[PDB]
Amino acid sequence: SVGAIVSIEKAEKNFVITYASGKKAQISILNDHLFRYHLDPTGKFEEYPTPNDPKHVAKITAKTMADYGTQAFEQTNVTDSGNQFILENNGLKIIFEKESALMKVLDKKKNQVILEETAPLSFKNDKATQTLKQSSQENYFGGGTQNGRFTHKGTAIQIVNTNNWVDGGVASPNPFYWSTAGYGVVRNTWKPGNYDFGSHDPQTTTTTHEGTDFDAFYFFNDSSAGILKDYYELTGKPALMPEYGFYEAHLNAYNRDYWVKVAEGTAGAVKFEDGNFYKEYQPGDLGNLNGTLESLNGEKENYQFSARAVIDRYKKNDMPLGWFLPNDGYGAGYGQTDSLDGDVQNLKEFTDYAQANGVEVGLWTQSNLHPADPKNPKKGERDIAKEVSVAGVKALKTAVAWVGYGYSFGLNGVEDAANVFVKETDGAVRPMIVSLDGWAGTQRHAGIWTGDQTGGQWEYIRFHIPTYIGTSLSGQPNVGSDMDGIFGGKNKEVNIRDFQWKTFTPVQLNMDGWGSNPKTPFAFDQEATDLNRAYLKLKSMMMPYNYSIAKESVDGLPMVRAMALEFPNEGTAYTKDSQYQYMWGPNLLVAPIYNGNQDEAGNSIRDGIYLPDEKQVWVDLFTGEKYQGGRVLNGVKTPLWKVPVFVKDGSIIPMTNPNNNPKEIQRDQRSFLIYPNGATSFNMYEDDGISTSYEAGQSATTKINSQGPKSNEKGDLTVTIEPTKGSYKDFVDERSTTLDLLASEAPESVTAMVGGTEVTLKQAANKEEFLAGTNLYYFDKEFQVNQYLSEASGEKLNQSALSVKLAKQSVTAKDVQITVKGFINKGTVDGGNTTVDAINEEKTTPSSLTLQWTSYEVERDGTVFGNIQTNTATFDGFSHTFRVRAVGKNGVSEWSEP
Ligand SMILES: CC(=O)N[C@H]1[C@@H](Oc2ccc([N+](=O)[O-])cc2)O[C@H](CO)[C@H](O)[C@@H]1O
């Protein structure tokens with residue numbers, strides 16, 4: 001312990017705290033809610049922590065202390081207030097008890113103590129530990145990719161480069177956590193740590209990092225978006241993926257292995273287009289067998305075994321494919337020549353072919369990306385500069401084999417790679433890097449994938465959902481994983497369920513070559529293939545929405561959102577009651593199927609669907625079925641074709657034509673799927689999709705406003721598309737406009753103003769007239785959000801919509817105002833009417849209680865459960881008070897005895 005504080009002095013650039021031990025700390029005030037506290041036993045007070053190697057020059061911070069300016073520091077006063085020293089600016093009171101040295105921070109806007117040390121910093125055992133008060137309602141997020149976990153109260157998390165990709169490991173640590181009390185802390189260290197959020201003593205949180213230094217950035221903010229924006233201003237805004245990065249990729253090696261003709265039914269046999277069965281061999285496993293060597297371009301009497309042939313199969317199977325890594329395999333390489341330049345020419349010809357097919361090429365790496373002598377490369381070296389400038393590579397994946405050391409290593413590597421992409425293309429290619437073993441800052445260059453796990457089993461989904469959520473809460477919105485795992489497979493239902501929910505996630509990797517079957521969306525039967533295509537096409541149609549929430553995640557909430565981000569006033573949104581669902585942007589609640597529980601009809605039984613907000617209607621995206629929030633639904637029947645996705649009524653979802661890659665998007669069209677519910681709004685972002693020019697303001701935004709009746713009510717609806725602001729290379733100014741307004745009745749009238757001039761709309765007599773014509777509207781009871789899913793599910797999945805089409809117009813010069821009179825979107829709402837119209841001892845397990853007494857509701861520890869279809873209900877996931885009420889046609893009853 002450094003002892004009592006004897007003095008706090010305002011120096012030229014920071015406040016100097018002198019402890020009775022003679023140890024000093026510097027407080028740097030960066031803005032009115034962010035400060036750095038640096039207790040440096042060495043007295044050097046260097047701006048940056050020591051990395052694990054001096055060549056690791058990429059910094060945690062993206063903004064220097066000097067870049068924040070001196071204003072907040074100038075406007076912070078130190079006062080000697082008897083038993084305390086106080087630092088005070090417009091934002092914070094930082095209060096230090098003189099005798100104990102304990103720091104506490106009053107947020108002056110809240111007039112509440114947000115952070116309070118309860119024991120002094122401890123430097124024992126070559127670690128630096130802070131001990132904080134933990135309050136009963138205080139929750140904690142962050143830590144990076146905390147495999148299986150997102151909400152950390154009552155647990156400890158390891159801030160360690162664990163190189164463990166399965167539940168309970170850490171695929172990508174981050175020394176960043178935040179408290180729902182309204183603070184975030186970045187430990188300014190490259191050293192591993194352990195954050196114990198009151199795992200045995202619930203009133204104490206301890207944060208420990210190895211080392212002899214205590215250096216931390218403390219930021220105070222009253223919103224989760226503000227905490228993340230603080231983290232991003234400090235450590236770097238997330239990179240915005242190029243549009244193609246949101247599309248599934250195919251990853252494997254096509255330069256190294258051999259295919260041997262085998263019998264059908266041979267272990268590992270794969271059928272090819274010649275109608276024969278082949279089994280894949282590494283060259284060293286061939287033994288006396290003879291096979292056909294793979295190549296990227298299939299130029300060697302081997303076309304069906306080539307990387308080109310895989311592009312052709314995704315095309316033949318009409319599957320989206322954004323990008324392709326053809327060298328993803330240990331020692332695989334990307335050419336078979338005697339030179340790097342010969343291999344780069346082979347890869348360039350692959351990239352020409354991939355690009356002719358609308359697919360970008362990335363490379364995997366297990367190594368440094370530069371030759372020992374770039375002017376004289378050796379065969380088998382890497383030269384990301386030539387790979388980029390000569391071969392046209394646009395993306396990079398960093399194997400643990402490269403970045404496995406962790407901490408400063410990965411950040412240095414991905415920073416250097418990002419700079420090469422940009423420099424070699426003069427900014428024509430923005431970075432597209434997928435990494436792991438990250439740290440604070442990684443997000444500004446790279447997204448993460450979660451590493452190697454076994455698919456073909458429900459645990460593959462179950463642990464991934466919270467993993468994504470917690471990754472995103474850690475300031476990494478660009479998260480992905482392998483589609484149905486790198487290992488295993490042979491479980492059709494898991495495969496379909498994985499493609500389903502990852503539609504509503506950023507990055508999808510078909511990590512092929514290691515599994516129980518090929519890793520593609522067409523590896524299973526036609527039922528699975530058509531479902532996977534349907535969900536992949538839905539993602540392609542959602543690209544304007546997805547790109548818009550991606551833009552938001554550059555300086556705001558991430559794309560995968562913990563329930564608490566969108567519903568901060570509900571306790572359920574913070575706990576493991578929210579571990580298996582999330583908001584995909586603001587507008588979609590995704591509650592993936594994550595276990596094999598079923599009925600005899602093969603329907604999955606989904607428990608614990610938490611629908612927030614007693615005042616909010618949630619709309620099944622596929623069927624239009626409506627559900628009242630403020631409840632957790634158990635026993636929800638979910639057919640194989642379906643993933644539980646609910647639209648937040650009010651949602652504007654920008655859409656586009658189904659497409660297999662960004663070059664197939666019609667840039668001369670725009671389309672909005674709207675669920676009007678009072679006054680809502682959406683900001684649609686666009687840019688050139690590929691370059692760094694967005695960072696220099698080459699982008700455009702379009703504000704869409706929907707102003708109509710509340711859910712299920714009738715009224716006037718005004719949809720206003722404000723003029724598009726901004727421009728960029730190959731910006732298309734002249735676009736047609738579609739609105740698909742979910743509606744339950746034909747309107748009284750639909751009128752259209754374009755830049756203040758009326759456009760006469762005709763009522764289409766039928767769908768074919770509507771589809772053929774422009775300046776029309778059409779009330780359609782056969783509206784399909786996803787025709788591929790309708791066809792794949794064997795369900796029509798018809799919904800009712802009022803669709804409106806306007807002719808091409810200048811989107812910059814002229815707005816759109818559509819007025820619908822007699823607008824209504826009414827359906828029956830499950831739990832819509834909350835109007836007031838024993839413990840079964842023999843069934844008590846260790847962790848499940850069964851209560852007995854058109855449906856019922858039960859309150860479990862202050863959380864309301866619904867969809868209880870019979871005369872009993874069991875509650876589990878226990879290591880409790882039960883009230884029950886009846887549900888009928890005309891409302892409910894009041895709470896029975898606790
Ligand atoms: C975490 C990581 O880098 N994963 C890579 C890596 O994966 C494996 C997979 C299996 C083993 N093993 O059986 O011991 C080791 C490493 O390299 C793969 C190369 O194809 C993939 O890139 C995978 O994502």
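Residues numbered from 1 in each chain as written, not as in the entry; some residues may be left out. Heavy atoms only, no water.

- Judging from the entry metadata, X-ray crystallography is the method by which this structure was determined, and 1.420 Å is the reported resolution.

## Focus: the overall build of the protein
Thinking step 1. A count of helices and strands for the protein gives 15 helices and 60 strands.
Thinking step 2. The C-alpha radius of gyration of the protein comes to 29 Å, within 12% of the 29 Å expected for a compact globule of 898 residues.
Thinking step 3. In terms of principal-axis extent, the alpha carbons of the protein reach across some 80 × 80 × 70 Å.
Thinking step 4. Looking at the protein residue by residue over its 898 residues, the buried ones come to 60%.
Thinking step 5. When the accessible area of the protein is evaluated, it comes to approximately 34,300 Å², of which 46% is carbon and sulfur surface. (Helix = DSSP H or I, 4+ residues; strand = E, 2+ residues; numbered from the N terminus. Rg over C-alpha atoms; globule rule 2.2 N^0.38 Å. Buried < 20%, exposed > 50% of the residue type's maximum accessible area, 1.4 Å probe, protein only. Areas by Shrake-Rupley, 256 points an atom, 1.4 Å probe, with all protein chains shown as cover.)

## Here's the deal with empty space enclosed by the protein
Thinking step 1. Put simply, the largest cavity is a space of about 140 Å³.
Thinking step 2. Forming the boundary of the largest cavity are 17 residues, of which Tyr19, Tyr37, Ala101, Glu117 and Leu121 lie nearest the centre.
Thinking step 3. Those elements that provide at least two residues to the lining of the largest cavity are β4 (34-39), β9 (112-122) and β17 (214-220).
Thinking step 4. Per-element tally for the lining of the largest cavity: the top contributor is β9, with three residues.
Thinking step 5. Residues of the lining of the largest cavity, tallied by class, amount to twelve nonpolar, four polar and one charged.
Thinking step 6. In terms of lining residues, the second largest cavity is bounded by 15 residues, among which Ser172, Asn174, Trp439, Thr442 and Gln476 are the most central.
Thinking step 7. Residue assignment for the lining of the second largest cavity shows that the elements contributing at least two residues are β11 (140-146) and β13 (170-179).
Thinking step 8. The class makeup of the residues in the lining of the second largest cavity is four nonpolar, eleven polar and no charged. (1 Å grid on protein atoms, 1.4 Å probe; cavity = no way out; pocket = protein on both sides within 12 Å on 5 of 7 lines; lining within 4 Å. Points joined across faces, edges and corners; volume = space filled by probe spheres on them. Nonpolar A, V, L, I, M, F, W, Y, C, P; charged D, E, K, R; others polar.)

## Observations concerning unusual backbone geometry
Thinking step 1. The phi torsion at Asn712 lies on the positive side, around 75 degrees, for a residue other than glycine.
Thinking step 2. Counting through the fold element by element, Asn712 comes out in the loop between β45 (699-707) and β46 (714-721).
Thinking step 3. Look at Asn712 and you get buried, because its relative accessible area is 13%.
Thinking step 4. Backbone geometry at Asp730 places phi at a positive 65 degrees, although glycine is not the residue there.
Thinking step 5. Counting through the fold element by element, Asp730 comes out in the loop between β47 (725-727) and β48 (734-742).
Thinking step 6. On the basis of relative accessibility, which here comes to 63%, the residue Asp730 falls in the exposed class.

## Looking at the domain arrangement of the protein
Thinking step 1. Partitioning the protein into domains gives domain 1 (1-222), domain 2 (223-558), domain 3 (559-649), domain 4 (650-827) and domain 5 (828-898).
Thinking step 2. Using C-alpha coordinates to define each centre, domain 1 is positioned 36 Å away from domain 3.
Thinking step 3. Listed by partner, the interface residues are six residues for domain 1 and eight residues for domain 3.
Thinking step 4. Of all residues in domain 1, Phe141, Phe150 and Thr151 bury the most surface against domain 3, accounting for 65% of the area lost on that side.
Thinking step 5. Our count for the domain 1 to domain 3 interface comes out at one residue pair in polar contact. (Domains from an automatic or database assignment. Contact = heavy atoms within 4.5 Å. Buried area = accessible area lost by both parts, 1.4 Å probe. Polar contact = N/O pair within 3.5 Å; in protein donor to acceptor, adjacent residues only side chain to side chain.)

## Focus on the packing of aromatic side chains
Thinking step 1. Within the structure shown, the criterion is met by 47 aromatic pairs.
Thinking step 2. Ring geometry for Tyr195 against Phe197: centres 6.3 Å apart, planes inclined by 80 degrees, an arrangement best described as edge-to-face. Of the two residues, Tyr195 and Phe197, both sit in the buried class.
Thinking step 3. Through a chain of ring-to-ring contacts, three or more aromatic side chains come together here, namely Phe35, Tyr140, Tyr177, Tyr183, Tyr195, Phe197, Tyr218 and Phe220.
Thinking step 4. When the ring centre of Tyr68 is taken as reference, the NZ or CZ atom of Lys63 above it lies at 4.5 Å.
Thinking step 5. In this structure, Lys279 packs its charged tip against the face of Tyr281, placed 5.6 Å from the ring centre. (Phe/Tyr/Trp six-rings, centres within 6.5 Å; stacked < 30°, edge-to-face > 60°. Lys NZ or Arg CZ within 6 Å of the ring centre and 35° of its normal.)

## As for the side chain of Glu248
Thinking step 1. Mapped onto the elements of the fold, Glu248 is located in the loop between α2 (224-235) and β18 (249-251).
Thinking step 2. No salt bridge is formed by the buried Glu248; the nearest opposite charge belongs to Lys539, separated by 8.7 Å.
Thinking step 3. In this structure the side chain of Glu248 is engaged in a polar contact, spanning 2.9 Å, whose partner is the side chain of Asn510.
Thinking step 4. What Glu248 contacts, discounting residues up to four positions off in sequence, is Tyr314, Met319, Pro320, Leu321, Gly322, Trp323, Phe499, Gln508, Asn510, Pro521 and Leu536. (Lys, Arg positive; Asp, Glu negative; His and termini not counted. Salt bridge = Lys/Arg side-chain N within 4 Å of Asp/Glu carboxyl O.)

## Quick word on the sheet that holds strand β3 (residues 24-31)
Thinking step 1. Sheet architecture is open: eight strands sit in the order β1-β2-β3-β4-β17-β14-β13-β11, paired in antiparallel fashion. Two strands close off the open sheet at either side, each with one partner strand: β1 (5-10) and β11. Here the strands of the sheet are splayed against their neighbours by 20 degrees on average, with no regard to which way each runs.
Thinking step 2. By the bridge criterion, five bridges tie β1 to strand β2 (residues 15-19) in an arrangement that is antiparallel. Counted as the bridge partner of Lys10 is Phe15 from β2.
Thinking step 3. α2 contacts β3, β13, β14 (183-187) and β17 of the sheet and is inclined by roughly 120 degrees relative to β13.
Thinking step 4. Helix α9 (residues 464-473) rests against β11 and β13 of the sheet, and its axis sits at about 110 degrees to β11. (Pairing = 2+ DSSP bridges. Axes fitted to C-alpha atoms, helices over the stretch in contact; angles between N-to-C directions.)

## Considering the nonpolar core
Thinking step 1. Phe35, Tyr37, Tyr218, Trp323, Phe504, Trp584 and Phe622 are the most contacted members of the largest nonpolar core, which totals 236 residues.
Thinking step 2. The contacts of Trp584, once residues within four sequence positions are left out, are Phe504, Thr505, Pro506, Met542, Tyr545, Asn546, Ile549, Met559, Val560 and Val590. (Core = buried A, V, L, I, M, F, W, Y, C linked by side-chain atoms within 4.5 Å.)

## A closer look at the pattern of salt bridges
Note on pairing: side chains with opposite charge can pair once their charged atoms come close.
Thinking step 1. Taken as a whole, this structure holds 39 salt bridges when the rule is applied.
Thinking step 2. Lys63 serves as the salt-bridge partner of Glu233, at 2.7 Å between the closest nitrogen and oxygen. Of this pair, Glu233 sits in helix α2 while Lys63 is found in the loop between β4 and α1 (71-74), placing the two residues 170 residues apart along the sequence.
Thinking step 3. Here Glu233 falls in the partly exposed class, since its relative accessible area comes to 31%.

## A closer look at the site of the ligand
Thinking step 1. Taken together, the neighbourhood of the ligand is formed by 15 residues, with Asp328, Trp364, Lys397, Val400 and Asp452 sitting nearest.
Thinking step 2. Taking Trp364, its side chain carries an N or O atom lying 2.7 Å from an oxygen atom of the ligand.
Thinking step 3. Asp452 has a polar side-chain atom sitting 2.8 Å from a nitrogen atom of the ligand.
Thinking step 4. Considering only residue class, the shell around the ligand consists of eleven nonpolar, one polar and three charged. (Near = heavy atom within 4 Å.)

## A short note on the pairing of strand β19 (residues 258-262)
Thinking step 1. Where β19 meets strand β21 (residues 277-281), five bridges bridge the pair, whose relative direction is antiparallel. Counted as the bridge partner of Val260 is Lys279 from β21.
Thinking step 2. In this structure, β19 lies alongside strand β22 (residues 292-293), joined through two bridges in antiparallel fashion. Counted as the bridge partner of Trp259 is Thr292 from β22.

## Let's talk about the environment of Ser223
Thinking step 1. One can find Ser223 in the loop between β17 and α2.
Thinking step 2. At a separation of 2.9 Å, a polar atom in the side chain of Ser223 contacts the main-chain amide nitrogen of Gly226.

## Some words on the sheet that holds strand β10 (residues 127-133)
Thinking step 1. Pairing in this open sheet of nine strands is antiparallel, and the strands run β5-β6-β7-β8-β9-β10-β16-β15-β12 from one edge to the other. Each edge of the open sheet carries a strand with a single partner, namely β5 (77-81) and β12 (156-159). Direction aside, neighbouring strands of the sheet carry axes that sit 20 degrees apart on average.
Thinking step 2. Pairing of strand β8 (residues 103-107) with β9, which is carried by four bridges, proceeds in the antiparallel orientation. Counted as the bridge partner of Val105 is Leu115 from β9.

## Some remarks on α2
Count 3.6 residues to each turn of an α-helix, and residues three or four apart come out pointing the same way.
Thinking step 1. With twelve residues, α2 should reach 16 Å at 1.5 Å per residue; the first-to-last C-alpha distance of 16 Å fits that figure.
Thinking step 2. The element α2 is largely enclosed, with a buried count of nine among its twelve residues.
Thinking step 3. Within α2, burial applies to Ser224, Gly226, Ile227, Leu228, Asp230, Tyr231, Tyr232, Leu234 and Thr235.
Thinking step 4. Tucked inside the fold, the buried residues of α2 contact β13, β14, β17, α9, α12 (543-554) and α13 (563-566).
Thinking step 5. Where α2 begins, the side chain of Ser223 points an oxygen toward the backbone nitrogen of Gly226, at a separation of 2.9 Å. (Expected span 1.5 Å × (residues − 1).)

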